[PDB]
Each structure stands twice: as C-alpha cells, then as structure tokens.
Amino acid sequence: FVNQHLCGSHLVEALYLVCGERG
Amino acid sequence: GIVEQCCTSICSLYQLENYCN
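Entry numbering is not used for residues: they are numbered from 1 along each chain in the order the sequence is written, which may differ from it, and residues without coordinates are omitted. Going through the entries in the order they are written, you letter the chains from A and number the ligands from 1. Just so you know, side-chain values use all the structure's heavy atoms and leave hydrogens and water out.

Chemist: Please clarify how the environment of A14 of chain A should be interpreted in this entry.
Modeler: Under the scheme used here, helices are H or I runs from DSSP no shorter than 4 residues and strands are E runs no shorter than 2 residues, and both carry numbers assigned from the N terminus. With respect to the secondary-structure elements, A14 of chain A resides in helix α1 (residues 9-19). Placed ten residues apart in sequence, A14 of chain A and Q4 of chain A show a C-alpha to C-alpha distance of 11 Å.

In structure tokens form, the structure reads like this:
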C-alpha cells in the first residue's frame, strides 16, 4: 500500500520539496 | 485549507504547488 495523504510533518516535508528552491 | 485538501483528501502536485509562498 502507498499512502497518498500528506499530513503533519510529511506535509511540511512535501512543501519543503515542492516549494523549496533547489535545482 | 491545505489540511482538508492534502491531508483529509488526496491532492495533486499542482494543488500543493499553489500553496507555495
């Protein structure tokens, strides 16, 4: 199974990846 | 807000991207 919900620290991590500026 | 859209429900990459500030 793969959880596609993004909650708590995992949401923060996904926003850091997606929004963070890094080539 | 983002918890309803991405945590309670599943959201797409472009939906999450719109939350970037």
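From this point, the narrative continues.
Chemist: It is not clear to me how the interface of chain B and chain A should be interpreted in this structure. Could you clarify?
Modeler: Accessible area lost upon the coming together of the parts serves often as the stated size of an interface. The contact criterion used throughout is that any non-hydrogen atoms of two residues lie within 4.5 Å. Each side of the interface is counted separately: chain B has eleven residues, and chain A has nine residues. Joining two parts hides part of their accessible area as seen by a 1.4 Å probe, and the buried area is that hidden amount summed over both. Between chain B and chain A, the buried area comes to about 870 Å², and carbon and sulfur atoms account for 81% of it. In terms of surface lost to chain A, no three residues of chain B exceed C7, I10 and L16 of chain B, which account for 51% of the buried area on that side. Here, a salt bridge means any side-chain nitrogen of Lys or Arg that lies within 4 Å of a carboxyl oxygen of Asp or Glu. Where chain B meets chain A, there are zero salt bridges. Polar contacts here mean pairs of N or O atoms no more than 3.5 Å apart (in protein, one a potential hydrogen donor and the other a potential acceptor; neighbouring residues in sequence count only if both atoms are side-chain atoms). Along the contact surface separating chain B from chain A lie three residue pairs in polar contact. Counting only elements with at least two residues in the side of chain B that touches chain A, the list comes to α1 (2-8) and α2 (13-18) of chain B.

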